[PDB]
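Chemist: Please find final35.cif (mmCIF, C-alpha atoms) on the next line:
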```cif
data_final
loop_
_atom_site.label_atom_id
_atom_site.label_comp_id
_atom_site.auth_asym_id
_atom_site.auth_seq_id
_atom_site.Cartn_x
_atom_site.Cartn_y
_atom_site.Cartn_z
CA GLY A 494 -17.60 -20.64 -11.02
CA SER A 495 -15.25 -19.81 -8.16
CA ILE A 496 -14.03 -21.21 -4.85
CA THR A 497 -12.86 -19.22 -1.81
CA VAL A 498 -9.64 -20.73 -0.47
CA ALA A 499 -7.22 -20.13 2.34
CA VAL A 500 -3.55 -20.31 1.36
CA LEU A 501 -1.38 -21.44 4.24
CA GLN A 502 2.31 -20.92 4.97
CA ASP A 503 3.11 -24.57 4.19
CA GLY A 504 1.70 -24.37 0.68
CA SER A 505 -1.73 -25.80 1.48
CA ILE A 506 -4.68 -24.41 -0.47
CA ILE A 507 -7.97 -25.34 1.25
CA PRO A 508 -11.57 -24.08 0.91
CA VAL A 509 -11.92 -21.69 3.81
CA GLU A 510 -14.84 -23.53 5.44
CA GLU A 511 -12.79 -26.77 5.40
CA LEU A 512 -9.79 -25.54 7.38
CA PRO A 513 -8.77 -28.11 10.00
CA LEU A 514 -7.95 -27.40 13.63
CA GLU A 515 -4.27 -28.27 13.22
CA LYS A 516 -2.80 -26.27 10.37
CA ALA A 517 -0.07 -23.89 9.27
CA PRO A 518 -0.88 -20.14 9.58
CA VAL A 519 -2.97 -18.41 6.94
CA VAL A 520 -1.27 -16.18 4.37
CA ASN A 521 -4.34 -14.99 2.47
CA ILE A 522 -7.92 -15.95 1.65
CA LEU A 523 -8.91 -15.49 -1.98
CA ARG A 524 -12.03 -16.07 -4.04
CA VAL A 525 -10.55 -17.71 -7.10
CA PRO A 526 -12.51 -18.02 -10.37
CA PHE A 527 -11.95 -21.41 -12.06
CA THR A 528 -10.56 -19.64 -15.13
CA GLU A 529 -7.86 -17.75 -13.21
CA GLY A 530 -4.43 -18.47 -11.79
CA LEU A 531 -3.63 -18.57 -8.11
CA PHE A 532 0.03 -17.71 -7.48
CA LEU A 533 2.07 -18.34 -4.33
CA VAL A 534 5.48 -16.78 -3.65
CA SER A 535 7.80 -18.25 -1.07
CA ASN A 536 10.52 -16.97 1.21
CA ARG A 537 13.04 -18.61 -1.15
CA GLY A 538 11.76 -16.37 -3.95
CA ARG A 539 10.11 -19.32 -5.71
CA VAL A 540 6.75 -19.18 -7.48
CA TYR A 541 4.04 -21.83 -7.48
CA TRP A 542 0.60 -21.73 -9.10
CA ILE A 543 -2.63 -23.70 -9.50
CA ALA A 544 -5.88 -23.25 -11.40
CA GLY A 545 -9.31 -24.83 -11.64
CA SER A 546 -11.95 -26.31 -9.38
CA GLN A 547 -10.30 -29.66 -8.68
CA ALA A 548 -7.14 -28.00 -7.44
CA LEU A 549 -9.05 -25.37 -5.45
CA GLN A 550 -11.01 -28.11 -3.63
CA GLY A 551 -7.73 -29.01 -1.95
CA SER A 552 -4.04 -28.94 -2.89
CA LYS A 553 -0.62 -28.56 -1.37
CA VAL A 554 2.14 -27.24 -3.55
CA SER A 555 5.39 -29.22 -3.50
CA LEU A 556 7.94 -26.82 -2.10
CA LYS A 557 11.51 -27.11 -3.44
CA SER A 558 13.48 -26.31 -0.30
CA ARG A 559 13.70 -27.36 3.33
CA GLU A 560 12.10 -24.73 5.64
CA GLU A 561 10.48 -22.92 2.67
CA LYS A 562 7.25 -21.08 3.47
CA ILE A 563 4.72 -19.08 1.51
CA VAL A 564 4.90 -15.32 2.12
CA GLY A 565 2.23 -14.06 -0.31
CA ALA A 566 -0.46 -15.18 -2.69
CA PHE A 567 -2.44 -13.47 -5.42
CA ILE A 568 -4.80 -14.08 -8.33
CA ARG A 569 -2.93 -13.22 -11.49
CA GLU A 570 -5.82 -11.70 -13.34
CA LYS A 571 -6.50 -9.42 -10.33
CA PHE A 572 -2.86 -8.27 -9.96
CA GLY A 573 -0.65 -5.68 -11.62
CA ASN A 574 1.78 -6.37 -14.46
CA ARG A 575 4.83 -6.00 -12.18
CA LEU A 576 5.64 -7.72 -8.91
CA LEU A 577 7.64 -6.18 -6.06
CA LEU A 578 9.57 -8.37 -3.65
CA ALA A 579 11.12 -7.23 -0.37
CA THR A 580 13.80 -9.22 1.41
CA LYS A 581 14.84 -9.58 5.03
CA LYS A 582 18.17 -7.88 4.36
CA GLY A 583 16.47 -4.86 2.84
CA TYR A 584 16.63 -5.58 -0.92
CA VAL A 585 13.70 -4.72 -3.19
CA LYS A 586 13.17 -6.19 -6.68
CA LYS A 587 10.65 -5.32 -9.40
CA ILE A 588 9.93 -7.99 -12.00
CA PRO A 589 7.28 -8.08 -14.73
CA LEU A 590 4.81 -10.91 -14.44
CA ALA A 591 5.54 -11.84 -18.05
CA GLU A 592 9.04 -12.93 -16.95
CA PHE A 593 7.67 -15.77 -14.82
CA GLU A 594 3.91 -16.38 -15.01
CA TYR A 595 2.63 -19.92 -15.62
CA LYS A 596 6.08 -21.47 -15.80
CA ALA A 597 7.53 -24.48 -13.97
CA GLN A 598 6.42 -24.99 -10.41
CA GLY A 599 9.02 -23.62 -8.00
CA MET A 600 10.68 -21.28 -10.50
CA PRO A 601 13.14 -18.89 -8.76
CA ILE A 602 12.52 -15.23 -9.49
CA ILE A 603 15.13 -13.49 -7.31
CA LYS A 604 18.80 -14.11 -6.65
CA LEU A 605 19.15 -13.98 -2.88
CA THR A 606 22.39 -13.17 -1.15
CA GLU A 607 23.64 -15.34 1.66
CA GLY A 608 21.22 -15.62 4.56
CA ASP A 609 18.52 -13.55 2.81
CA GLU A 610 14.90 -14.45 2.19
CA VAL A 611 11.83 -12.82 0.72
CA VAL A 612 9.55 -11.39 3.45
CA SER A 613 6.75 -9.83 1.40
CA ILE A 614 5.40 -9.10 -2.03
CA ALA A 615 3.25 -6.33 -3.56
CA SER A 616 1.64 -5.39 -6.81
CA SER A 617 3.69 -2.49 -8.22
CA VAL A 618 1.98 0.76 -9.21
CA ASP A 619 3.82 3.35 -11.28
CA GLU A 620 4.27 6.91 -9.94
CA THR A 621 3.92 5.93 -6.30
CA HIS A 622 6.23 5.65 -3.29
CA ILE A 623 7.50 2.47 -1.73
CA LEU A 624 7.34 2.32 2.07
CA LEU A 625 9.92 -0.31 3.12
CA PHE A 626 9.76 -1.00 6.83
CA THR A 627 11.54 -2.99 9.52
CA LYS A 628 10.59 -4.97 12.60
CA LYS A 629 12.11 -2.30 14.84
CA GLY A 630 9.97 0.32 13.18
CA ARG A 631 12.19 2.11 10.65
CA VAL A 632 10.68 3.13 7.32
CA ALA A 633 12.45 4.09 4.11
CA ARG A 634 10.23 5.97 1.65
CA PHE A 635 11.29 6.43 -1.96
CA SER A 636 9.93 6.54 -5.48
CA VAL A 637 8.91 3.24 -7.03
CA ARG A 638 11.04 4.27 -10.06
CA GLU A 639 14.20 3.72 -8.01
CA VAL A 640 13.70 -0.04 -8.38
CA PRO A 641 14.33 -0.88 -12.05
CA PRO A 642 12.40 -3.73 -13.64
CA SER A 643 14.55 -6.86 -14.00
CA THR A 644 14.52 -10.53 -15.02
CA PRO A 645 14.54 -13.63 -12.83
CA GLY A 646 18.31 -13.87 -12.27
CA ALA A 647 18.71 -10.34 -10.85
CA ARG A 648 19.21 -9.45 -7.21
CA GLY A 649 17.28 -6.15 -7.19
CA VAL A 650 18.60 -3.16 -5.13
CA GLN A 651 19.27 -2.06 -1.56
CA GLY A 652 16.16 -0.32 -0.29
CA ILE A 653 17.04 0.31 3.37
CA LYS A 654 20.24 0.23 5.39
CA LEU A 655 19.54 -1.99 8.41
CA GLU A 656 20.90 -1.40 11.89
CA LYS A 657 22.36 -4.43 13.64
CA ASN A 658 19.71 -6.90 14.81
CA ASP A 659 16.96 -5.34 12.70
CA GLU A 660 15.36 -6.90 9.66
CA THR A 661 12.89 -5.88 7.00
CA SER A 662 9.25 -6.71 7.86
CA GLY A 663 7.38 -5.59 4.74
CA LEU A 664 6.66 -3.16 1.96
CA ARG A 665 3.64 -1.11 0.94
CA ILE A 666 2.82 1.18 -1.96
CA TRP A 667 1.73 4.70 -1.00
CA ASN A 668 -0.38 6.57 -3.53
CA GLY A 669 -1.55 9.86 -2.05
CA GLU A 670 -3.23 8.61 1.16
CA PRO A 671 -3.25 11.15 4.02
CA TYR A 672 -2.65 8.63 6.82
CA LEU A 673 -0.81 5.45 7.66
CA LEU A 674 -1.98 2.81 10.15
CA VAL A 675 0.96 1.43 12.14
CA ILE A 676 0.12 -2.18 13.09
CA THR A 677 2.19 -4.14 15.64
CA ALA A 678 2.40 -7.86 16.23
CA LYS A 679 0.51 -7.77 19.50
CA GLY A 680 -2.48 -6.00 18.01
CA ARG A 681 -1.63 -2.39 18.73
CA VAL A 682 -2.41 0.33 16.22
CA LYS A 683 -1.94 4.04 15.70
CA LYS A 684 -2.79 6.45 12.88
CA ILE A 685 -0.12 8.91 11.71
CA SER A 686 0.12 11.42 8.89
CA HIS A 687 2.11 10.21 5.91
CA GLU A 688 4.11 13.46 6.30
CA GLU A 689 5.85 11.92 9.33
CA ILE A 690 7.99 9.97 6.84
CA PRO A 691 10.07 12.05 4.43
CA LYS A 692 10.60 10.82 0.90
CA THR A 693 14.29 10.20 0.19
CA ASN A 694 16.33 8.13 -2.20
CA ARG A 695 16.51 4.39 -1.57
CA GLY A 696 19.19 3.01 0.75
CA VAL A 697 18.72 5.33 3.73
CA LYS A 698 18.39 4.19 7.35
CA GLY A 699 14.78 5.35 7.44
CA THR A 700 12.50 7.07 9.93
CA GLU A 701 11.45 5.52 13.25
CA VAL A 702 7.68 5.37 13.51
CA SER A 703 6.50 2.42 15.56
CA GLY A 704 6.73 3.96 19.06
CA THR A 705 7.14 0.50 20.63
CA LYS A 706 9.52 -2.44 20.93
CA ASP A 707 6.67 -4.63 19.68
CA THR A 708 7.38 -5.77 16.11
CA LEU A 709 6.03 -3.57 13.29
CA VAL A 710 4.11 -5.89 11.01
CA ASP A 711 2.41 -3.44 8.66
CA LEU A 712 1.93 0.16 7.64
CA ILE A 713 -1.43 0.56 5.95
CA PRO A 714 -2.20 3.65 3.84
CA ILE A 715 -5.68 5.00 4.50
CA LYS A 716 -7.70 7.88 3.09
CA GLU A 717 -11.16 7.26 4.61
CA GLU A 718 -11.70 3.57 5.25
CA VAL A 719 -9.97 0.22 4.82
CA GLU A 720 -11.11 -3.35 5.31
CA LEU A 721 -8.38 -5.80 6.39
CA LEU A 722 -7.90 -9.52 6.64
CA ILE A 723 -5.54 -10.17 9.55
CA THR A 724 -3.84 -13.50 10.19
CA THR A 725 -2.06 -14.80 13.19
CA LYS A 726 0.61 -17.23 14.35
CA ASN A 727 -1.92 -19.40 16.19
CA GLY A 728 -4.13 -19.86 13.17
CA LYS A 729 -6.69 -17.06 13.23
CA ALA A 730 -7.85 -15.15 10.23
CA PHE A 731 -10.24 -12.30 10.98
CA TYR A 732 -11.66 -9.29 9.25
CA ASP A 733 -11.87 -5.68 10.38
CA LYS A 734 -13.17 -2.43 8.99
CA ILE A 735 -11.40 0.75 10.04
CA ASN A 736 -12.54 4.29 9.26
CA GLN A 737 -9.73 6.79 9.87
CA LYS A 738 -12.12 8.89 12.01
CA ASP A 739 -12.29 6.18 14.63
CA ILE A 740 -8.56 6.40 15.40
CA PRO A 741 -7.04 9.54 16.93
CA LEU A 742 -4.08 11.11 15.08
CA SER A 743 -0.81 10.10 16.64
CA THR A 744 2.72 10.98 15.62
CA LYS A 745 5.72 8.83 14.92
CA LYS A 746 6.53 9.15 18.68
CA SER A 747 3.21 7.90 20.08
CA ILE A 748 2.84 4.47 21.70
CA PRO A 749 0.34 2.42 19.68
CA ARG A 750 -2.73 1.32 21.62
CA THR A 751 -4.30 -2.14 21.66
CA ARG A 752 -7.04 -2.59 19.08
CA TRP A 753 -7.12 -6.42 18.81
CA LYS A 754 -6.88 -8.47 21.98
CA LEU A 755 -4.81 -11.49 21.03
CA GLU A 756 -3.26 -12.72 24.34
CA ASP A 757 -0.32 -14.98 23.40
CA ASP A 758 -1.12 -14.78 19.70
CA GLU A 759 0.64 -12.49 17.22
CA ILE A 760 -0.27 -10.97 13.88
CA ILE A 761 1.82 -12.24 10.99
CA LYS A 762 0.03 -10.83 7.88
CA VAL A 763 -2.38 -8.06 7.02
CA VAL A 764 -4.12 -8.04 3.67
CA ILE A 765 -5.88 -4.95 2.35
CA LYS A 766 -9.22 -6.11 0.99
CA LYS A 767 -10.83 -2.69 0.44
CA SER A 768 -9.49 0.85 0.51
CA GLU A 769 -11.32 4.07 -0.25
#
```
Go ahead and express the file in the form of structure tokens.

Modeler:
Amino acid sequence: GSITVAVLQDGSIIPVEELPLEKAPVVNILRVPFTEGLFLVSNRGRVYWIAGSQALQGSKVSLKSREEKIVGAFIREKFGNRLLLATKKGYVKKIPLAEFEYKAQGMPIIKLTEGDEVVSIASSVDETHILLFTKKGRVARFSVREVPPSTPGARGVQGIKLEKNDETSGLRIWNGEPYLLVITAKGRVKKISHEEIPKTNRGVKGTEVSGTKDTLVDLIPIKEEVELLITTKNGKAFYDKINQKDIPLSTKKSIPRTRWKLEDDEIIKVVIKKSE
């Protein structure tokens, strides 16, 4: 069979209908078949995994480091053969799953420079662009081939040159989609053409797109319609369906408008659940 679980930032894995009132924020919600592997990647670049009904009924992975938190989760058998990691300081690494899958709990898969941490992960897709974006709204866009595949001990490569006081927020794969949805932490959104962001080599300063001082939390490619799971600092996890027609076309200069009314709450993760 299968069980649908929430994965939380503290390494908890809990059936979604059994989430308690007091909890760490949600990272993802996944329907996990009992025969498949659920993988968690932390901000320290460490990998954890569980499988089977007993574990899915309730678990908490034993993190290896003080202040470690989970920054992504995926089902192996529903993921690509290469993993991308993005770091706070603007590094990006590409590593085949075969290098680390189903090995010791807590295995490190990226050498992190001083003060750095993994902020996000993605399933790599060949012949696409990486969009690597910052809290203050800069986006570097470059071919996925500029990040060579490597083995666990590698650092990866500099994807974006950060201005002082900025940090990398996340990474997305772009594969032909006409538009991007800019999503800010306070629930504001705008739709822009992908052409607003020129493709360059890696390591550039990037193009300003957010149009606000509010933190840029994601940049969602869209062709006609996406469905998104959105999670927040105060413990929400909600689902929304967005057709590109229902958002006016705005440019990289436009101020994003409120879509989700979240008061003192903030969005921390967006997960693409459907895209057509």

Chemist: Calculate how many Å separate atom CA of residue A:561 from atom CA of residue A:536, rounding to one decimal.

Modeler: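 Answer for the atom CA of residue A:561 to atom CA of residue A:536 separation: 6.1 Å.
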
Chemist: Rounded to one decimal place, report the atom CA of residue A:738-atom CA of residue A:665 distance in Å.

Modeler: 21.7 Å

Chemist: List the neighbours of residue A:698 out to 9 Å using all atoms listed in the file; skip same-chain residues closer than 4 positions along the sequence, and give me the result as a PyMOL selection string.

Modeler: chain A and resi 631-633+653-656

Chemist: Rounded to one decimal in Å, what is the spacing between atom CA of residue A:687 and atom CA of residue A:741?

Modeler: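 Distance reported for this atom pair: 14.3 Å.
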
Chemist: Of the residues A:502, A:521, A:550, A:686, which is the one nearest to residue A:671, using all atoms listed in the file?

Modeler: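 Closest to residue A:671 of all the choices is A:686.
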
Chemist: Show me, as an MDAnalysis selection string, the residues that have an atom within 10 Å of residue A:681 when counting only C-alpha atoms, minus same-chain residues fewer than 5 positions from it.

Modeler: chainID A and resid 675:676 703 705 707:709 748:755 760

Chemist: Compile the contact shell of residue A:555 as a PyMOL selection string: residues with an atom at most 10 Å away, counting all atoms listed in the file, same-chain residues fewer than 2 positions apart removed.

Modeler: chain A and resi 503-505+541+552-553+557-558+598-599

Chemist: Counting only C-alpha atoms, which residue out of A:648, A:569, A:692, A:679 sits closest to residue A:622?

Modeler: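 Of all the options, A:692 lies closest to residue A:622.
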
Chemist: Write out as a VMD selection string each polymer residue whose atoms come within 8 Å of stretch 574-591 of chain A, counting all atoms listed in the file; drop sequence neighbours fewer than 2 positions from it.

Modeler: chain A and resid 572 593 to 594 603 609 to 618 625 640 to 645 648 to 655 660 to 664

Chemist: Could you tell me which residues the PyMOL selection byres ((chain A and resi 695) around 6) returns for this structure, as number ranges by chain?

Modeler: A: 635, 652, 694, 696-697

Chemist: Output the residue selection produced by the PyMOL selection byres ((chain A and resi 523) around 7) on the file above, formatted as a PDB file with C-alpha atoms, keeping the file's coordinate frame.

Modeler:
```pdb
ATOM      1  CA  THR A 497     -12.860 -19.220  -1.810  1.00  0.00           C
ATOM      2  CA  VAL A 498      -9.640 -20.730  -0.470  1.00  0.00           C
ATOM      3  CA  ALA A 499      -7.220 -20.130   2.340  1.00  0.00           C
ATOM      4  CA  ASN A 521      -4.340 -14.990   2.470  1.00  0.00           C
ATOM      5  CA  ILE A 522      -7.920 -15.950   1.650  1.00  0.00           C
ATOM      6  CA  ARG A 524     -12.030 -16.070  -4.040  1.00  0.00           C
ATOM      7  CA  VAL A 525     -10.550 -17.710  -7.100  1.00  0.00           C
TER       8      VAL A 525
END
```

Chemist: In terms of the shortest atom-to-atom distance over only C-alpha atoms, which of A:713, A:730, A:678, A:623 is closest to residue A:518?

Modeler: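 Among the listed residues, the smallest separation from residue A:518 belongs to A:730.
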
Chemist: Could you pull the residues within 7 Å of residue A:763, counting all atoms listed in the file, minus those fewer than 3 positions along the same chain, as a PyMOL selection string?

Modeler: chain A and resi 711+721-724

Chemist: Counting all atoms listed in the file, which residues sit no farther than 10 Å from the position (-13.6, -3.7, 14.3) in the file's frame? I'd like them as a list in words.

Modeler: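 Output of the proximity query reads residues 720, 721, 731, 732, 733, 734, 735, 736, 739, 752 and 753 of chain A.
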
Chemist: Can you rebuild stretch 505-519 of chain A with N, CA, C and O atoms and give it as a JSON list (two decimals), keeping the file's coordinate frame?

Modeler:
```json
[["chain", "number", "residue", "atom", "x", "y", "z"],
["A", 505, "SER", "N", -0.36, -25.29, 1.59],
["A", 505, "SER", "CA", -1.73, -25.80, 1.48],
["A", 505, "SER", "C", -2.68, -24.76, 0.90],
["A", 505, "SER", "O", -2.57, -23.56, 1.19],
["A", 506, "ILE", "N", -3.63, -25.23, 0.10],
["A", 506, "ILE", "CA", -4.68, -24.41, -0.47],
["A", 506, "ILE", "C", -5.96, -25.19, -0.17],
["A", 506, "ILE", "O", -6.15, -26.30, -0.68],
["A", 507, "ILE", "N", -6.82, -24.62, 0.67],
["A", 507, "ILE", "CA", -7.97, -25.34, 1.25],
["A", 507, "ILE", "C", -9.18, -24.43, 1.25],
["A", 507, "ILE", "O", -9.07, -23.31, 1.70],
["A", 508, "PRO", "N", -10.36, -24.89, 0.75],
["A", 508, "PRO", "CA", -11.57, -24.08, 0.91],
["A", 508, "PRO", "C", -11.68, -23.57, 2.34],
["A", 508, "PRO", "O", -11.49, -24.32, 3.31],
["A", 509, "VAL", "N", -12.04, -22.30, 2.52],
["A", 509, "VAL", "CA", -11.92, -21.69, 3.81],
["A", 509, "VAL", "C", -12.78, -22.38, 4.89],
["A", 509, "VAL", "O", -12.37, -22.50, 6.04],
["A", 510, "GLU", "N", -13.96, -22.85, 4.50],
["A", 510, "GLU", "CA", -14.84, -23.53, 5.44],
["A", 510, "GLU", "C", -14.44, -24.97, 5.77],
["A", 510, "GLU", "O", -15.07, -25.63, 6.57],
["A", 511, "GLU", "N", -13.35, -25.43, 5.15],
["A", 511, "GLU", "CA", -12.79, -26.77, 5.40],
["A", 511, "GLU", "C", -11.45, -26.73, 6.10],
["A", 511, "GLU", "O", -10.76, -27.73, 6.15],
["A", 512, "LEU", "N", -11.08, -25.62, 6.69],
["A", 512, "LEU", "CA", -9.79, -25.54, 7.38],
["A", 512, "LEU", "C", -9.82, -26.39, 8.62],
["A", 512, "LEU", "O", -10.78, -26.32, 9.41],
["A", 513, "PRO", "N", -8.81, -27.24, 8.82],
["A", 513, "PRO", "CA", -8.77, -28.11, 10.00],
["A", 513, "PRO", "C", -8.29, -27.38, 11.23],
["A", 513, "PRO", "O", -7.74, -26.28, 11.13],
["A", 514, "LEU", "N", -8.41, -28.02, 12.39],
["A", 514, "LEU", "CA", -7.95, -27.40, 13.63],
["A", 514, "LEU", "C", -6.43, -27.25, 13.65],
["A", 514, "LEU", "O", -5.97, -26.22, 14.06],
["A", 515, "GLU", "N", -5.72, -28.30, 13.24],
["A", 515, "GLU", "CA", -4.27, -28.27, 13.22],
["A", 515, "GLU", "C", -3.85, -27.90, 11.81],
["A", 515, "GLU", "O", -4.14, -28.60, 10.85],
["A", 516, "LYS", "N", -3.18, -26.76, 11.69],
["A", 516, "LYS", "CA", -2.80, -26.27, 10.37],
["A", 516, "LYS", "C", -1.68, -25.25, 10.50],
["A", 516, "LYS", "O", -1.46, -24.65, 11.53],
["A", 517, "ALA", "N", -0.99, -25.01, 9.38],
["A", 517, "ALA", "CA", -0.07, -23.89, 9.27],
["A", 517, "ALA", "C", -0.83, -22.56, 9.23],
["A", 517, "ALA", "O", -2.01, -22.54, 8.86],
["A", 518, "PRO", "N", -0.17, -21.44, 9.58],
["A", 518, "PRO", "CA", -0.88, -20.14, 9.58],
["A", 518, "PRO", "C", -1.36, -19.73, 8.20],
["A", 518, "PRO", "O", -0.75, -20.08, 7.17],
["A", 519, "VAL", "N", -2.40, -18.90, 8.17],
["A", 519, "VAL", "CA", -2.97, -18.41, 6.94],
["A", 519, "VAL", "C", -2.14, -17.25, 6.40],
["A", 519, "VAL", "O", -1.72, -16.36, 7.14]]
```
